[PDB]
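The file work.pdb contains PDB, C-alpha atoms:
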ATOM      1  CA  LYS M   1    -273.120   1.319 -11.301  1.00  0.00           C
ATOM      2  CA  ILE M   2    -272.824   1.316  -7.523  1.00  0.00           C
ATOM      3  CA  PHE M   3    -275.175   1.505  -4.504  1.00  0.00           C
ATOM      4  CA  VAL M   4    -274.823   3.586  -1.321  1.00  0.00           C
ATOM      5  CA  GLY M   5    -276.542   3.159   2.040  1.00  0.00           C
ATOM      6  CA  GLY M   6    -276.553   6.920   2.512  1.00  0.00           C
ATOM      7  CA  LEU M   7    -280.332   7.050   1.898  1.00  0.00           C
ATOM      8  CA  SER M   8    -280.097  10.666   3.060  1.00  0.00           C
ATOM      9  CA  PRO M   9    -283.040  13.061   2.697  1.00  0.00           C
ATOM     10  CA  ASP M  10    -281.464  14.213  -0.594  1.00  0.00           C
ATOM     11  CA  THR M  11    -278.702  12.319  -2.447  1.00  0.00           C
ATOM     12  CA  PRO M  12    -276.033  15.036  -2.872  1.00  0.00           C
ATOM     13  CA  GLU M  13    -275.713  14.196  -6.605  1.00  0.00           C
ATOM     14  CA  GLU M  14    -273.592  17.197  -7.439  1.00  0.00           C
ATOM     15  CA  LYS M  15    -271.491  16.214  -4.426  1.00  0.00           C
ATOM     16  CA  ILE M  16    -271.941  12.594  -5.488  1.00  0.00           C
ATOM     17  CA  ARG M  17    -270.411  13.234  -8.918  1.00  0.00           C
ATOM     18  CA  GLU M  18    -267.579  15.001  -7.076  1.00  0.00           C
ATOM     19  CA  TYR M  19    -266.715  11.756  -5.380  1.00  0.00           C
ATOM     20  CA  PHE M  20    -268.140   8.918  -7.466  1.00  0.00           C
ATOM     21  CA  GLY M  21    -267.856  10.964 -10.656  1.00  0.00           C
ATOM     22  CA  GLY M  22    -264.332  11.403  -9.285  1.00  0.00           C
ATOM     23  CA  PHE M  23    -263.627   7.664  -9.628  1.00  0.00           C
ATOM     24  CA  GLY M  24    -264.746   8.162 -13.235  1.00  0.00           C
ATOM     25  CA  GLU M  25    -267.160  10.490 -15.066  1.00  0.00           C
ATOM     26  CA  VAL M  26    -270.736   9.496 -14.231  1.00  0.00           C
ATOM     27  CA  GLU M  27    -273.415   8.830 -16.836  1.00  0.00           C
ATOM     28  CA  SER M  28    -276.377   9.141 -14.494  1.00  0.00           C
ATOM     29  CA  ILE M  29    -277.050   8.434 -10.826  1.00  0.00           C
ATOM     30  CA  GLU M  30    -279.812   6.714  -8.887  1.00  0.00           C
ATOM     31  CA  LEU M  31    -281.566   7.455  -5.588  1.00  0.00           C
ATOM     32  CA  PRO M  32    -283.651   5.343  -3.274  1.00  0.00           C
ATOM     33  CA  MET M  33    -286.995   3.970  -4.530  1.00  0.00           C
ATOM     34  CA  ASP M  34    -290.306   5.778  -3.884  1.00  0.00           C
ATOM     35  CA  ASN M  35    -293.313   4.743  -1.759  1.00  0.00           C
ATOM     36  CA  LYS M  36    -291.152   3.703   1.225  1.00  0.00           C
ATOM     37  CA  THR M  37    -293.924   1.726   2.953  1.00  0.00           C
ATOM     38  CA  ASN M  38    -292.912  -1.957   2.968  1.00  0.00           C
ATOM     39  CA  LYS M  39    -289.536  -3.205   4.262  1.00  0.00           C
ATOM     40  CA  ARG M  40    -286.382  -1.423   5.487  1.00  0.00           C
ATOM     41  CA  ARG M  41    -284.625  -1.190   2.099  1.00  0.00           C
ATOM     42  CA  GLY M  42    -283.883   2.442   1.162  1.00  0.00           C
ATOM     43  CA  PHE M  43    -280.539   3.522  -0.375  1.00  0.00           C
ATOM     44  CA  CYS M  44    -279.217   5.473  -3.372  1.00  0.00           C
ATOM     45  CA  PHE M  45    -277.378   3.972  -6.396  1.00  0.00           C
ATOM     46  CA  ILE M  46    -275.476   5.624  -9.247  1.00  0.00           C
ATOM     47  CA  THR M  47    -274.624   4.358 -12.760  1.00  0.00           C
ATOM     48  CA  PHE M  48    -271.423   5.181 -14.600  1.00  0.00           C
ATOM     49  CA  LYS M  49    -270.117   4.337 -18.109  1.00  0.00           C
ATOM     50  CA  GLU M  50    -267.190   1.843 -18.473  1.00  0.00           C
ATOM     51  CA  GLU M  51    -266.989  -0.584 -15.444  1.00  0.00           C
ATOM     52  CA  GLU M  52    -263.447  -0.025 -14.069  1.00  0.00           C
ATOM     53  CA  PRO M  53    -264.378   2.600 -11.451  1.00  0.00           C
ATOM     54  CA  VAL M  54    -266.949   0.222  -9.936  1.00  0.00           C
ATOM     55  CA  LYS M  55    -264.057  -2.176  -9.489  1.00  0.00           C
ATOM     56  CA  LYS M  56    -262.460   0.565  -7.430  1.00  0.00           C
ATOM     57  CA  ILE M  57    -265.491   1.875  -5.577  1.00  0.00           C
ATOM     58  CA  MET M  58    -266.690  -1.658  -4.764  1.00  0.00           C
ATOM     59  CA  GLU M  59    -263.105  -2.240  -3.514  1.00  0.00           C
ATOM     60  CA  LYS M  60    -263.911   0.316  -0.771  1.00  0.00           C
ATOM     61  CA  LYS M  61    -267.507  -0.540   0.221  1.00  0.00           C
ATOM     62  CA  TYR M  62    -267.191   2.146   2.941  1.00  0.00           C
ATOM     63  CA  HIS M  63    -265.886   5.394   1.363  1.00  0.00           C
ATOM     64  CA  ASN M  64    -266.614   8.985   2.467  1.00  0.00           C
ATOM     65  CA  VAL M  65    -268.750  11.781   0.951  1.00  0.00           C
ATOM     66  CA  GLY M  66    -268.569  15.440   2.037  1.00  0.00           C
ATOM     67  CA  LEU M  67    -269.263  14.743   5.731  1.00  0.00           C
ATOM     68  CA  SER M  68    -270.620  11.169   5.708  1.00  0.00           C
ATOM     69  CA  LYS M  69    -269.333   7.672   4.882  1.00  0.00           C
ATOM     70  CA  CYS M  70    -272.458   5.917   3.530  1.00  0.00           C
ATOM     71  CA  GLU M  71    -271.869   2.284   2.514  1.00  0.00           C
ATOM     72  CA  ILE M  72    -271.159   1.361  -1.088  1.00  0.00           C
ATOM     73  CA  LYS M  73    -272.141  -2.003  -2.591  1.00  0.00           C
ATOM     74  CA  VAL M  74    -271.672  -1.778  -6.377  1.00  0.00           C
ATOM     75  CA  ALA M  75    -274.790  -2.050  -8.561  1.00  0.00           C
TER      76      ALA M  75
END
Please render this file's structure as structure tokens.
Amino acid sequence: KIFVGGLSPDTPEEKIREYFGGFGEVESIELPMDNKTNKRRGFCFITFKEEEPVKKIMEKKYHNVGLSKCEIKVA
């Protein structure tokens, strides 16, 4: 699974699968946590199936999505 620092108002899942799912079909994704009233730690993860694609994604911590290049620390 991987983690992005896009923490946008709405994780473009469908667009997410287009990119991340592009590295390899996605099983399910993950968005930032709820509440949002403690420390500055809001992002959006995504889980896949095998493990290889993470190797790739993680290899490019800073990719690009649609019109943004959120960060990407595997998860």
Review point. Can you list, as a list in words, every protein, DNA or RNA residue that comes within 8 Å of stretch 8-13 of chain M when you count all atoms listed in the file, leaving out same-chain residues fewer than 4 positions away?
Key: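 The filter keeps residues 17, 29, 31, 43 and 44 of chain M.
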Point to revise | Option closest in space to residue M:63, from M:28, M:1, M:19, M:38 [counting only C-alpha atoms] | key: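 When distances to residue M:63 are compared using only C-alpha atoms, the smallest one comes from M:19.
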Check your understanding: Nearest to residue M:14: which of M:26, M:56, M:75, M:32 is it, counting only C-alpha atoms?
Key ->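 Answer, going by the shortest atom-to-atom distance: M:26.
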Review point. Just how far from atom CA of residue M:6 is atom CA of residue M:72, in Å to one decimal?
Key: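 Computing the Euclidean distance for atom CA of residue M:72 and atom CA of residue M:6 yields 8.5 Å.
You will find atom CA of residue M:47 at 15.7 Å from atom CA of residue M:71.
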Could you tell me which residues the PyMOL selection byres ((chain M and resi 51) around 12) grabs in this file, written as a PDB file with C-alpha atoms, in the coordinates of the input?
ATOM      1  CA  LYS M   1    -273.120   1.319 -11.301  1.00  0.00           C
ATOM      2  CA  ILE M   2    -272.824   1.316  -7.523  1.00  0.00           C
ATOM      3  CA  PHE M  23    -263.627   7.664  -9.628  1.00  0.00           C
ATOM      4  CA  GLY M  24    -264.746   8.162 -13.235  1.00  0.00           C
ATOM      5  CA  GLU M  25    -267.160  10.490 -15.066  1.00  0.00           C
ATOM      6  CA  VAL M  26    -270.736   9.496 -14.231  1.00  0.00           C
ATOM      7  CA  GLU M  27    -273.415   8.830 -16.836  1.00  0.00           C
ATOM      8  CA  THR M  47    -274.624   4.358 -12.760  1.00  0.00           C
ATOM      9  CA  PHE M  48    -271.423   5.181 -14.600  1.00  0.00           C
ATOM     10  CA  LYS M  49    -270.117   4.337 -18.109  1.00  0.00           C
ATOM     11  CA  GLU M  50    -267.190   1.843 -18.473  1.00  0.00           C
ATOM     12  CA  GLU M  52    -263.447  -0.025 -14.069  1.00  0.00           C
ATOM     13  CA  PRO M  53    -264.378   2.600 -11.451  1.00  0.00           C
ATOM     14  CA  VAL M  54    -266.949   0.222  -9.936  1.00  0.00           C
ATOM     15  CA  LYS M  55    -264.057  -2.176  -9.489  1.00  0.00           C
ATOM     16  CA  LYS M  56    -262.460   0.565  -7.430  1.00  0.00           C
ATOM     17  CA  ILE M  57    -265.491   1.875  -5.577  1.00  0.00           C
ATOM     18  CA  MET M  58    -266.690  -1.658  -4.764  1.00  0.00           C
ATOM     19  CA  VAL M  74    -271.672  -1.778  -6.377  1.00  0.00           C
ATOM     20  CA  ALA M  75    -274.790  -2.050  -8.561  1.00  0.00           C
TER      21      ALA M  75
END
Point to revise | Separation of atom CA of residue M:30 from atom CA of residue M:46, in Å and rounded to one decimal | key: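 Separating atom CA of residue M:30 from atom CA of residue M:46 is a distance of 4.5 Å.
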Check your understanding: From the list M:73, M:20, M:33, M:67, which residue is nearest residue M:3 when using only C-alpha atoms?
Key ->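 Going through M:73, M:20, M:33, M:67 one by one, the smallest distance to residue M:3 is for M:73.
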